[PDB]
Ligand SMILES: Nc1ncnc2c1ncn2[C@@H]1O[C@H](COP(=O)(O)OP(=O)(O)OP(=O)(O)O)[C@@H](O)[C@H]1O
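The chain below stands alone and is given as structure tokens, in the form deposited without this ligand.
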């Protein structure tokens, strides 16, 4: 839908970032020239940042612009959502307004299943899904640590980290390893002063130019205008 996975061998594969974007369970579609490049490059910076902090990620190296070399993992069938500020689907689950500052981070577990439209699950559903309580606890522990690292990093750059989605897999040693991507597609980012979205919500809710919004994030983090 937004990425291709290309085999290399048993140990590694290629994650390719496409210009394609979707929303509303794949029902909204557009292409944005440069979006693959931006998301690829922002994922690299985030993976490298988190690695420095002791977070095991699938990130191995770059394979030219839009393609990353990543470790092969047994993927957990989860989307793991961390929420600091109330936005999107949390508005329908809690009677709190968009922009409400949570007293502590909220972690949500979603089962990756297209047929069931990615329903929310708890630790018990997880277990029936074959994911042990100890696996779940260390998945959440990692997500909360990632949260602290990303929110501090971004607050320096005048960016509020509202929420974001993570995915994980096990490597050959049975270690839990951070996977997929971290990009303006899979996070909400607000400008600290204006509270404007610099993320996929621009596309989701037609708030302006998606590529300008993504370029802003890139420029704020790197201090440079994008090469494409």
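Positions refer to the first chain, counted from 1.
Not pictured, yet referred to below: the form solved in complex with this ligand.
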Distance check, residue 75 to this ligand in the bound PDB entry, heavy atom within 4.5 Å
yes
Does residue 140 reach this ligand in the bound PDB entry, with heavy atoms at most 4.5 Å apart?
no
Residue 8 versus this ligand, in the bound PDB entry: is there a non-hydrogen atom within 4.5 Å?
no
Would you classify residue 179 as touching this ligand in the bound PDB entry, given a 4.5 Å non-hydrogen atom cut-off?
yes
Answer key: of 42, 159, 50, 70, within 4.5 Å of this ligand in the bound PDB entry (heavy atoms) is 70
Check 150, 191 and 219: does every one of them have a heavy atom within 4.5 Å of this ligand in the bound PDB entry?
no
Looking in the bound PDB entry, the residues of 79-101 with a heavy atom no more than 4.5 Å from this ligand, listed in order, are 79
